Amino acid sequence: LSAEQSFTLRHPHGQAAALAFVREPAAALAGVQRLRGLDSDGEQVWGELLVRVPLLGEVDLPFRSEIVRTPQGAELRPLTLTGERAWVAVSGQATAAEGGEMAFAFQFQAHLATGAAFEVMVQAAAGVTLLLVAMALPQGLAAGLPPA
Amino acid sequence: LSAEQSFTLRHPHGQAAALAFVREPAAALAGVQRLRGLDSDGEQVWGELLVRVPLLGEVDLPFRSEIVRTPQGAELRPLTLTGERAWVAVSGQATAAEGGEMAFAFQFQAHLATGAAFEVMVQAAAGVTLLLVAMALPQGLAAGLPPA
Amino acid sequence: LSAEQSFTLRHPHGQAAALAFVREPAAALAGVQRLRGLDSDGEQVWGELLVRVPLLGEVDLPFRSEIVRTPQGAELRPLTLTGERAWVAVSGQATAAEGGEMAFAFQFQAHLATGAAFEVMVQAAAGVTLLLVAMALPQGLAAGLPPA
Amino acid sequence: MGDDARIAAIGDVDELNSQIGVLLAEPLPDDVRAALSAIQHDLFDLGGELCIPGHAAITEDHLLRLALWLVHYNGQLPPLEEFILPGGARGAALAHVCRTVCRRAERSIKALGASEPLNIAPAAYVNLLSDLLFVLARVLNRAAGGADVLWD
Amino acid sequence: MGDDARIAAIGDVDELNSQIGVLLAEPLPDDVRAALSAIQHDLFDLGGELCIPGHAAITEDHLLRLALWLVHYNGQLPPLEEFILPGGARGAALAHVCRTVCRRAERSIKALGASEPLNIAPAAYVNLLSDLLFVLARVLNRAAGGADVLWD
Amino acid sequence: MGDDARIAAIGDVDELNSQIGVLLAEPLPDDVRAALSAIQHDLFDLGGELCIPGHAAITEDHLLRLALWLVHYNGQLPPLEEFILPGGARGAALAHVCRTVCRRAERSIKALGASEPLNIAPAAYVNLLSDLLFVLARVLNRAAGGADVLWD
């Protein structure tokens with residue numbers, strides 16, 4: 001019920017641009033897949049991940065995170081959502097260094113609402129959802145970068 | 001995966017008012033519970049029912065129905081939604097007669113997306129959802145009616 | 001050695017009349033049976049219940065209760081009598097509501113004075129006495145009501 | 001009006017008496033059997049009183065006998081420790097069914113007395129009988145070597 | 001209104017049919033078993049007639065068959081010597097319960113016919129059935145080698 | 001008014017619970033016994049909700065459990081081939097009686113909700129329970145090595 005991803009990417013336009021890129025979600029997450037309904041007001045970012053199970057099909061789990069501007073970049077810090085339905089906590093940290101070198105780390109946690117055989121289908125499905133989004137992040141972040 | 005409900009209610013203001021009431025969703029469904037996100041543009045009505053399962057919690061199943069004006073009242077006729085996720089078909093027929101006597105019939109069908117032990121949790125849960133909304137309809141429809 | 005009774009009755013003349021009826025014992029208890037020697041001075045009500053046992057025949061157990069006027073009606077609150085002979089505590093609460101709807105609750109407790117085989121005859125007899133009076137109360141209270 | 005109020009009460013007393021007949025087809029403690037059989041005669045007379053105008057059959061003596069059985073059987077059982085669920089040995093379970101049908105008859109008898117002049121003895125009789133059937137159910141579970149079914 | 005009057009009658013017929021199912025789970029004379037099983041089908045059809053408007057199922061033939069069974073079983077029993085109390089062999093006791101539930105259904109069917117147009121066959125059917133269940137109870141006590149329970 | 005509407009509903013739930021107690025006195029599949037026993041506790045709580053104002057006890061969890069049992073036992077039976085008559089093994093026959101008494105309680109609960117504010121859970125619970133008792137009857141006929149009684 002957790003997934004982690006970390007990676008580095010170089011911004012072709014250098015440090016100032018890399019700082020600006022990681023600090024604005026609409027830029028950094030423009031090409032990110034598997035985060036449906038992604039939106040932001042500049043203060044928080046929100047959306048949903050899709051957990052596919054039989055018969056119900058695609059079940060959406062919301063997340064909402066606070067955008068925190070830091071000296072070397074920015075973070076997403078997750079907000080707690082209600083227990084009425086399953087949700088996801090999306091955390092991330094990004095830094096931009098000399099020459100436009102960027103480092104990213106993302107963490108995801110699925111929070112389930114509180115029969116034994118069924119629990120197995122939901123846990124497995126949610127695990128797959130978390131890994132799919134985590135594993136595709138480097139590709140997604142790279143897709144947001146412009147050419148030199 | 002089906003639920004049905006039928007009942008009669010008298011509109012305190014007589015026939016013309018009863019016809020107007022059944023023909024405008026925002027009036028007829030104002031106090032209806034268990035239909036989350038209910039909305040309409042005058043042509044169609046849409047919303048979602050909540051199926052609660054373990055770990056995923058509240059899973060929303062959308063519906064969308066066409067509003068059809070008839071000589072004695074109005075109907076809702078369900079639109080087919082995609083198979084990517086579970087959905088619901090909501091149908092209904094309403095008539096208004098002399099003196100403001102109103103007759104209602106509603107039908108609900110849950111359409112599941114296409115492991116044996118798990119299917120049992122989803123079918124049971126969806127069945128409970130359909131019955132809860134169906135059984136509460138008379139109360140909900142009555143809550144929309146004004147005093148004489 | 002306890003008996004309870006609760007019931008509702010409508011006063012045909014409406015609320016003011018129902019309030020007046022429950023607040024005056026001579027009105028409320030006019031047709032009440034199994035309360036021998038019933039009398040009142042407006043402040044307290046008193047009388048006796050009859051416990052029938054072999055050879056002694058009808059043995060009278062006194063009660064005396066305070067009349068308490070309340071915002072919705074009145075109560076009887078029992079007074080403690082001496083232990084020299086068996087007695088009864090008679091409690092009751094009455095309310096009158098909109099339209100003359102009246103609610104009654106009565107409670108009876110027999111208090112015995114302080115051989116094993118004999119105790120069985122007295123307890124059984126006293127129990128029958130309490131139930132007979134309690135079970136007949138709705139009939140008795142209804143007998144005191146006038147026609148519309 | 002009265003026929004529905006009266007005919008219905010008579011029918012429920014009859015139904016109750018029939019349920020007791022089913023209970024009597026089960027193995028029972030000799031004392032319990034004697035009490036139940038006598039009650040059947042009482043119920044037959046009770047039904048007759050409800051039916052015929054100006055005719056009475058249930059007296060203080062009938063009520064006294066029920067009071068006596070209640071005291072007796074109750075003093076033969078341990079105190080109630082928790083709410084009981086109807087069930088246990090088949091005999092006990094049937095006694096509980098009789099108990100609920102007796103309460104149903106009491107409701108009909110009370111309704112009848114509200115629309116027609118009726119002595120108080122009939123309702124007082126079934127009021128006691130319902131309580132006795134509850135007690136007898138406990139006695140039968142006891143006699144079966146079992147115990148009452150308790151709730152959460 | 002009609003639903004309560006109609007839905008209630010249907011339910012009581014269903015309850016009666018179920019009680020007969022319980023009686024059929026007991027050992028019975030082959031002839032008695034055959035009659036009761038056929039009656040279950042009749043009651044299923046009767047319930048359908050009460051439910052569907054413009055639909056009838058109970059005919060003179062149904063009534064005639066009941067009349068025939070009454071004459072038959074009665075001429076197979078000694079004359080009634082005194083009022084009978086419901087009870088005896090378990091089979092007989094259950095038959096009496098069926099009898100009282102049938103009378104309960106008859107009351108509901110009569111109420112229904114008072115608020116809605118209904119053929120007379122349904123009430124005439126259960127009127128006869130109640131009498132037949134009384135007779136069959138006596139037959140079962142007889143078949144059990146026992147006798148009917150008499151009153152004081 | 002409310003007392004009749006309310007006291008009657010409480011009584012029917014009690015009667016139903018008692019009939020289930022009788023069914024529990026019969027030999028049953030361990031799983032079926034576990035479900036029925038749990039239901040008795042549910043019915044006790046349900047009666048309490050009907051009685052006390054401002055008090056609720058039946059929740060979605062209760063409904064969900066019934067839905068689960070329905071899906072489970074139904075997927076353990078062959079598809080319905082024709083209308084069924086209440087009867088078969090004694091256990092099955094009793095289950096059908098419970099089914100009809102549960103429907104009777106549902107009618108009373110529906111009547112109560114029409115004259116007083118009441119949550120929807122109680123009627124939804126017994127609506128499901130009636131269907132489950134029908135299913136359990138089929139399971140019991142199956143478990144007895146027999147089959148359901150079919151109509152003409």
# chains A, B, ... in the order shown; residues from 1 in each chain; ligands from 1
>>> residues_around(residues="residue 89 in chain B", least_positions_apart="5", cutoff="12 Å", atoms="only C-alpha atoms", output="PyMOL selection string")
chain B and resi 1-4+45-49+61-66+76-82+106-112+130
>>> residues_around(residues="residue 127 in chain C", least_positions_apart="4", cutoff="7 Å", atoms="only C-alpha atoms", output="list in words")
residues 1, 123 and 131 of chain C; 67 of chain D
>>> interface_residues(of="chain A", to="chain F", cutoff="12 Å", atoms="only C-alpha atoms", output="count of residues only")
3
>>> calpha_fit_and_write(fixed="chain D", moving="chain F", output="short mmCIF file (atom, residue, chain, number, x, y, z; two decimals) with C-alpha atoms, in the first residue's frame")
data_model
loop_
_atom_site.label_atom_id
_atom_site.label_comp_id
_atom_site.auth_asym_id
_atom_site.auth_seq_id
_atom_site.Cartn_x
_atom_site.Cartn_y
_atom_site.Cartn_z
CA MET F 1 -66.83 -2.91 13.33
CA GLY F 2 -67.44 -5.04 16.42
CA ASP F 3 -67.30 -8.23 14.36
CA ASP F 4 -63.83 -7.30 13.09
CA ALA F 5 -62.76 -6.18 16.57
CA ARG F 6 -64.50 -9.15 18.20
CA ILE F 7 -64.08 -11.89 15.53
CA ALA F 8 -60.39 -11.00 15.26
CA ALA F 9 -59.79 -11.26 19.02
CA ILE F 10 -61.58 -14.61 19.12
CA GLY F 11 -59.44 -15.85 16.23
CA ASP F 12 -56.16 -14.81 17.85
CA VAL F 13 -57.09 -16.54 21.11
CA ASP F 14 -57.92 -19.62 19.02
CA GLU F 15 -54.57 -19.36 17.21
CA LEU F 16 -52.76 -19.04 20.55
CA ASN F 17 -54.61 -22.07 21.94
CA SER F 18 -53.60 -24.03 18.83
CA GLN F 19 -49.96 -23.05 19.24
CA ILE F 20 -50.15 -24.32 22.82
CA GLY F 21 -51.53 -27.57 21.41
CA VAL F 22 -48.37 -27.86 19.32
CA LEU F 23 -46.24 -27.23 22.41
CA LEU F 24 -48.19 -29.96 24.24
CA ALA F 25 -47.20 -32.46 21.54
CA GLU F 26 -43.63 -32.14 22.81
CA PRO F 27 -42.07 -33.93 25.78
CA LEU F 28 -42.69 -31.83 28.90
CA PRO F 29 -42.29 -31.86 32.68
CA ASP F 30 -45.48 -33.29 34.14
CA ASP F 31 -46.19 -30.09 36.06
CA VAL F 32 -45.69 -27.91 32.97
CA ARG F 33 -47.99 -30.18 30.96
CA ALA F 34 -50.70 -29.92 33.61
CA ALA F 35 -50.53 -26.12 33.63
CA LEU F 36 -50.61 -25.81 29.83
CA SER F 37 -53.54 -28.22 29.48
CA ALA F 38 -55.55 -26.27 32.07
CA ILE F 39 -54.71 -23.03 30.23
CA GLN F 40 -56.19 -24.49 27.03
CA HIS F 41 -59.52 -24.86 28.83
CA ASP F 42 -59.18 -21.30 30.14
CA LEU F 43 -58.58 -19.99 26.61
CA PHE F 44 -61.61 -21.88 25.33
CA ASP F 45 -63.71 -20.17 27.99
CA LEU F 46 -62.03 -16.83 27.31
CA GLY F 47 -62.96 -17.05 23.63
CA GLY F 48 -66.54 -17.77 24.64
CA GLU F 49 -66.65 -14.67 26.83
CA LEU F 50 -65.36 -12.50 23.99
CA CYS F 51 -68.00 -13.95 21.69
CA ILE F 52 -71.20 -13.93 23.75
CA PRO F 53 -72.69 -10.62 24.97
CA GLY F 54 -73.68 -10.54 28.63
CA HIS F 55 -71.61 -13.67 29.21
CA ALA F 56 -68.52 -13.80 31.44
CA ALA F 57 -66.20 -16.70 32.23
CA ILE F 58 -62.80 -15.39 33.35
CA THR F 59 -62.69 -14.58 37.08
CA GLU F 60 -60.22 -13.51 39.76
CA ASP F 61 -59.69 -17.23 40.40
CA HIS F 62 -58.28 -17.61 36.87
CA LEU F 63 -55.97 -14.65 37.37
CA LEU F 64 -54.93 -15.91 40.80
CA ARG F 65 -53.97 -19.30 39.37
CA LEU F 66 -51.77 -17.65 36.75
CA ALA F 67 -50.19 -15.44 39.42
CA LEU F 68 -49.50 -18.59 41.41
CA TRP F 69 -47.83 -20.35 38.49
CA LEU F 70 -45.68 -17.29 37.80
CA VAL F 71 -44.45 -17.10 41.38
CA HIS F 72 -43.92 -20.87 41.45
CA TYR F 73 -41.94 -21.38 38.26
CA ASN F 74 -39.98 -18.17 38.72
CA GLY F 75 -38.88 -19.26 42.18
CA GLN F 76 -37.70 -22.42 40.46
CA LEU F 77 -35.35 -20.53 38.13
CA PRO F 78 -32.18 -18.49 38.65
CA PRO F 79 -32.48 -14.69 38.27
CA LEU F 80 -32.43 -13.19 34.77
CA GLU F 81 -28.83 -12.16 33.98
CA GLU F 82 -29.33 -10.62 30.54
CA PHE F 83 -31.86 -10.09 27.75
CA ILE F 84 -32.95 -13.44 26.32
CA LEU F 85 -33.42 -14.34 22.66
CA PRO F 86 -36.36 -16.61 21.87
CA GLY F 87 -34.99 -20.10 21.32
CA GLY F 88 -33.13 -23.05 22.80
CA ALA F 89 -34.63 -26.52 23.17
CA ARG F 90 -37.52 -27.06 20.75
CA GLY F 91 -39.96 -26.92 23.64
CA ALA F 92 -38.58 -23.59 24.81
CA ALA F 93 -38.65 -22.18 21.27
CA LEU F 94 -42.30 -23.18 20.84
CA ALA F 95 -43.15 -21.64 24.21
CA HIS F 96 -41.68 -18.37 22.92
CA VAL F 97 -43.83 -18.60 19.80
CA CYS F 98 -46.83 -19.13 22.07
CA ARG F 99 -45.69 -16.09 24.06
CA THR F 100 -45.66 -13.86 20.98
CA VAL F 101 -49.02 -15.14 19.72
CA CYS F 102 -50.46 -14.53 23.18
CA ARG F 103 -49.21 -10.93 23.03
CA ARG F 104 -50.81 -10.65 19.58
CA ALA F 105 -54.11 -11.84 21.08
CA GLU F 106 -53.72 -9.33 23.91
CA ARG F 107 -53.41 -6.51 21.37
CA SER F 108 -56.63 -7.65 19.68
CA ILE F 109 -58.42 -8.00 23.02
CA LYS F 110 -57.31 -4.50 23.99
CA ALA F 111 -58.58 -3.17 20.64
CA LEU F 112 -61.91 -4.91 21.21
CA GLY F 113 -62.33 -3.42 24.67
CA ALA F 114 -61.77 0.01 23.16
CA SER F 115 -64.76 -0.29 20.81
CA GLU F 116 -67.11 -2.36 22.98
CA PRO F 117 -67.91 -2.83 26.68
CA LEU F 118 -65.75 -5.70 27.92
CA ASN F 119 -64.70 -6.91 31.35
CA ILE F 120 -61.04 -6.39 32.26
CA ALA F 121 -60.40 -10.05 33.10
CA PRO F 122 -59.69 -11.20 29.53
CA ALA F 123 -56.82 -8.77 28.89
CA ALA F 124 -55.49 -9.27 32.42
CA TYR F 125 -55.51 -13.02 31.79
CA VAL F 126 -53.46 -12.91 28.59
CA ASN F 127 -51.19 -10.22 30.07
CA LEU F 128 -50.23 -12.74 32.76
CA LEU F 129 -50.17 -15.65 30.31
CA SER F 130 -47.59 -13.93 28.09
CA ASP F 131 -45.33 -13.52 31.12
CA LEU F 132 -45.92 -17.14 32.17
CA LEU F 133 -45.07 -18.49 28.72
CA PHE F 134 -41.78 -16.56 28.92
CA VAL F 135 -41.09 -18.20 32.29
CA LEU F 136 -42.10 -21.65 31.06
CA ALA F 137 -39.71 -21.27 28.13
CA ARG F 138 -36.88 -20.82 30.62
CA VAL F 139 -38.12 -23.82 32.61
CA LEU F 140 -38.10 -25.96 29.46
CA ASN F 141 -34.57 -24.93 28.51
CA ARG F 142 -33.58 -25.80 32.07
CA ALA F 143 -35.42 -29.13 31.95
CA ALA F 144 -33.67 -29.93 28.67
CA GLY F 145 -30.33 -29.55 30.42
CA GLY F 146 -29.64 -26.48 28.32
CA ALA F 147 -29.72 -22.74 28.96
CA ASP F 148 -31.47 -19.64 27.62
CA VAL F 149 -30.09 -17.96 24.51
CA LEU F 150 -28.47 -14.64 25.47
CA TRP F 151 -27.96 -11.56 23.32
CA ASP F 152 -24.85 -9.50 22.59
#
>>> residues_around(residues="residue 18 in chain A", least_positions_apart="6", cutoff="10 Å", atoms="only C-alpha atoms", output="MDAnalysis selection string")
chainID A and resid 9:12 28 72:73 94:102 145
>>> write_last_selection(atoms="C-alpha atoms", output="PDB file, in the first residue's frame")
ATOM      1  CA  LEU A   9      16.838  14.698 -14.828  1.00  0.00           C
ATOM      2  CA  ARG A  10      18.649  17.643 -16.342  1.00  0.00           C
ATOM      3  CA  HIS A  11      16.691  20.727 -17.342  1.00  0.00           C
ATOM      4  CA  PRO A  12      18.143  21.844 -20.728  1.00  0.00           C
ATOM      5  CA  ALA A  28       6.307  19.831 -13.706  1.00  0.00           C
ATOM      6  CA  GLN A  72      16.351  24.461  -3.790  1.00  0.00           C
ATOM      7  CA  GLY A  73      12.923  23.669  -5.266  1.00  0.00           C
ATOM      8  CA  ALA A  94      12.370  18.202  -5.865  1.00  0.00           C
ATOM      9  CA  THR A  95      15.658  20.070  -5.989  1.00  0.00           C
ATOM     10  CA  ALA A  96      17.368  22.010  -8.794  1.00  0.00           C
ATOM     11  CA  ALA A  97      21.110  22.419  -8.719  1.00  0.00           C
ATOM     12  CA  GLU A  98      23.935  24.037 -10.642  1.00  0.00           C
ATOM     13  CA  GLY A  99      23.591  23.525 -14.371  1.00  0.00           C
ATOM     14  CA  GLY A 100      19.918  22.582 -14.147  1.00  0.00           C
ATOM     15  CA  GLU A 101      20.415  19.143 -12.608  1.00  0.00           C
ATOM     16  CA  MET A 102      17.112  18.117 -10.982  1.00  0.00           C
ATOM     17  CA  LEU A 145      10.752  19.446 -20.410  1.00  0.00           C
TER      18      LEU A 145
END
>>> closest_atom_pairs(of="chain B", to="chain A", cutoff="7 Å", atoms="only C-alpha atoms", output="Markdown table")
| residue | atom | partner | partner_atom | distance |
| --- | --- | --- | --- | --- |
| B:54 | CA | A:113 | CA | 6.3 |
| B:55 | CA | A:112 | CA | 4.1 |
| B:56 | CA | A:86 | CA | 4.5 |
| B:57 | CA | A:85 | CA | 3.8 |
| B:58 | CA | A:85 | CA | 4.5 |
| B:59 | CA | A:59 | CA | 6.0 |
| B:84 | CA | A:57 | CA | 5.7 |
| B:85 | CA | A:57 | CA | 3.6 |
| B:86 | CA | A:56 | CA | 4.3 |
| B:112 | CA | A:55 | CA | 4.1 |
| B:113 | CA | A:55 | CA | 4.2 |
| B:114 | CA | A:55 | CA | 6.2 |
| B:117 | CA | A:117 | CA | 6.0 |
| B:118 | CA | A:118 | CA | 4.1 |
| B:121 | CA | A:118 | CA | 6.6 |
| B:122 | CA | A:55 | CA | 7.0 |
>>> write_last_selection(atoms="C-alpha atoms", output="PDB file, in the first residue's frame")
ATOM      1  CA  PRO B  54     -13.922  -2.849   2.114  1.00  0.00           C
ATOM      2  CA  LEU B  55     -10.663  -0.985   1.641  1.00  0.00           C
ATOM      3  CA  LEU B  56     -11.836   0.996  -1.404  1.00  0.00           C
ATOM      4  CA  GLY B  57     -14.640   2.470   0.695  1.00  0.00           C
ATOM      5  CA  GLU B  58     -17.308   4.416  -1.162  1.00  0.00           C
ATOM      6  CA  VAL B  59     -17.109   3.667  -4.883  1.00  0.00           C
ATOM      7  CA  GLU B  84     -14.525   0.745 -18.097  1.00  0.00           C
ATOM      8  CA  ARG B  85     -16.211   1.056 -14.726  1.00  0.00           C
ATOM      9  CA  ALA B  86     -19.409  -0.045 -13.052  1.00  0.00           C
ATOM     10  CA  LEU B 112     -20.731  -4.413 -13.650  1.00  0.00           C
ATOM     11  CA  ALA B 113     -17.485  -4.307 -15.615  1.00  0.00           C
ATOM     12  CA  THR B 114     -16.118  -7.493 -17.178  1.00  0.00           C
ATOM     13  CA  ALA B 117     -15.043 -15.026  -3.531  1.00  0.00           C
ATOM     14  CA  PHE B 118     -14.471 -11.335  -4.254  1.00  0.00           C
ATOM     15  CA  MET B 121     -18.562  -8.912  -1.910  1.00  0.00           C
ATOM     16  CA  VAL B 122     -19.177  -6.591  -4.892  1.00  0.00           C
TER      17      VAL B 122
END
>>> closest_residue(among="C:19, C:31, C:90, C:44", to="residue 136 in chain C", atoms="only C-alpha atoms")
C:31
>>> atom_distance(atom1="CA of residue 21 in chain C", atom2="CA of residue 144 in chain C")
8.9 Å
>>> atom_distance(atom1="CA of residue 75 in chain B", atom2="CA of residue 93 in chain B")
4.4 Å
>>> select_by_dssp(residues="range 15-140 of chain E", states="alpha helix (DSSP H)", output="PyMOL selection string")
chain E and resi 15-23+30-51+60-74+90-115+121-140
>>> atom_distance(atom1="CA of residue 29 in chain C", atom2="CA of residue 140 in chain C")
7.2 Å
>>> select_by_dssp(residues="chain B", states="strand (DSSP E or B)", output="VMD selection string")
chain B and resid 2 to 10 36 to 40 44 to 53 55 57 to 70 73 to 78 85 87 to 96 101 to 111 113
>>> residues_around(residues="residue 74 in chain B", least_positions_apart="5", cutoff="6 Å", atoms="only C-alpha atoms", output="PyMOL selection string")
chain B and resi 23+68-69+94
